[PDB]
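For reference, the structure discussed in these notes is given below.
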Amino acid sequence: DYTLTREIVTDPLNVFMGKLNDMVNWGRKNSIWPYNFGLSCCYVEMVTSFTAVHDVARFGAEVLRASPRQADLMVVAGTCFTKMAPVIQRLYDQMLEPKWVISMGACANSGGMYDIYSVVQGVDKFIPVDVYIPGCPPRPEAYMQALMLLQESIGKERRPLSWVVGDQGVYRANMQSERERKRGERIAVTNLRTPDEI
Amino acid sequence: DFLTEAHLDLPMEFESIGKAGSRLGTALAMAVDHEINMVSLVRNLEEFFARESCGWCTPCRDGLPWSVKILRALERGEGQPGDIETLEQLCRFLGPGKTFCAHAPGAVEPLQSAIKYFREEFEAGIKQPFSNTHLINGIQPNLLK
Ligand code: SF4
Ligand code: SF4
């Protein structure tokens, strides 16, 4: 199942064009350059994931461009303040295709604990989001898990190989929800370690 | 209130027994010999007084059974620290004017007099340490000093 941006359609996928699409998806998902954009404390956890103890470079996602033109991924890591929302929208508009969005933390997801006069209640009110990370802040490995989720989403999307030939629509896979995928293992948990120890 | 052998040379009047720390009452005195444990005697008295509560007012109705349970624990050596202080506080707070009628001040007169005169028998029933709680696995208790 796929969603088309030019509706819910089926898979549009010759066998050489499928291999070319897989090669392009592999190259895109293994080379994701985030935009260096810091809103709040969630950005501290993101750049913590960039350091030696986590080494997000191992996934090939450490380049951290200062220009939106050179960046493939916008991580909204922090609160979408009302004064900063036009800035976020302009920076997202300055990014070039293909571009993906990770909303990081409760503030970027929904406004979080800041249901307040000066805060936009979630970045998905005005820009589309590919992966959401709950947490306040999410720990750096949660950001890495969301990066891997984005890689799985990229690895099965369909985009035009060229802008002069073929279908120009962007097809995104309707992936199974992580909640429903992990429900079988999560409900089966019985005992946990007592909180009196280290 | 209980009186000792030194109070036997006192005239049976309201004023004389009143200043000795007791009441003349019905003037039908009861003698307690050396073979009678004072804690068991006051337990019997408080059991009578607690079960004869009319139940109207809180201090008598809900504080006399507490004294009964404390005295029952002291009788079999199951008393815990703070029990005698609880009995003394019950005696102070069940006095005249605190309860609706005079049943409970009369109830706590022998308890306070026996604690005053025979405190060594009430202290002898305190053997176990104070334990009001049980352990809950996973929650570290707040260890008060
Ligand atoms: S979700 Fe929490 S940690 Fe992240 S920006 Fe908001 S307040 Fe900070
Ligand atoms: S002190 Fe008197 S009024 Fe109060 S409950 Fe006891 S018997 Fe009733």
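Every number here is computed from the coordinates shown, using simple stated rules; none is lab data. All Cβ positions, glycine included, derive from the backbone under ideal geometry; neighbour counts span all protein chains shown.
Please give, to one decimal in nm, the separation of the simple spin-label points placed at residue B:128 and residue B:98, each 7 Å out from Cα toward the Cβ.
Between residue B:128 and residue B:98, the label points sit 2.6 nm apart.
Distances longer than 24 Å among the Cα atoms of chain A: what percent of all pairs is that?
Details: 9065 of 19503 pairs.
Tail of P(r) above 24 Å: 46 percent of Cα pairs.
Could you list A:163, B:66 in order of exposure, starting from the residue whose Cβ has the fewest other Cβ atoms within 10 Å? Intermediate values should be presented prior to the final figure.
Working: A:163 8, B:66 14.
Fewest to most other Cβ atoms nearby, the residues stand as A:163, B:66.
So how do A:37, A:50, B:100 line up by other beta-carbon neighbours within 10 Å, fewest first? Provide the component values of the computation, followed by the final result.
Details: A:37 22, A:50 17, B:100 14.
The fewest-first ordering by Cβ neighbours comes to B:100, A:50, A:37.
List the residues whose amide H sits under 5 Å from the amide H of residue A:65, counting only those 5 or more places along or on another chain, with H placed 1.01 Å from N in the peptide plane.
Amide H to amide H, under 5 Å and 5 or more residues apart or across chains, residue A:65 pairs with A:36.
Please state the equivalent ellipsoid semi-axes for segment B:25-145: what are the square roots of 5 times the Cα gyration tensor eigenvalues, largest first, in whole Å? Intermediate results must be reported in sequence, preceding the final value.
On the way: eigenvalues 161, 75, 27 Å².
In descending order, the three semi-axes are 28, 19, 12 Å.
What FRET efficiency comes out for the pair residue A:168/residue A:69, r = Cβ-Cβ distance, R0 = 22 Å, nearest 0.05? Walk me through the intermediate numbers first.
Numbers: r = 21 Å, r/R0 = 0.95.
Given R0 = 22 Å and the Cβ-Cβ separation, E is 0.55.
For the protein assembly as shown, compute Rh as the Kirkwood radius over C-alpha pairs and then the Stokes-Einstein diffusion coefficient at 37 °C and 0.692 mPa s; write the answer in µm²/s, rounded to an integer. Before the final figure, lay out the partial values.
Working: Rh = 27.9 Å.
It comes out at roughly 118 µm²/s.
For segment A:123-164, list residues with backbone N below 13 Å from a point placed 7 Å from the Cα of residue A:188 toward its Cβ?
none
Pop a pseudo-label 7 angstrom from the Cα along the beta-carbon direction at both residue A:47 and residue A:125 and give the gap in nm to one decimal.
The modelled label-to-label distance comes out at 2.7 nm.
Test of understanding: express the Cα radius of gyration of segment A:9-67 as a ratio to 2.2 N^0.38 Å, with N the residue count. Write out the running numbers ahead of the final one.
Working: Rg = 16.2 Å, N = 59, 2.2 N^0.38 = 10.4 Å.
This ratio for segment A:9-67 stands at 1.56.
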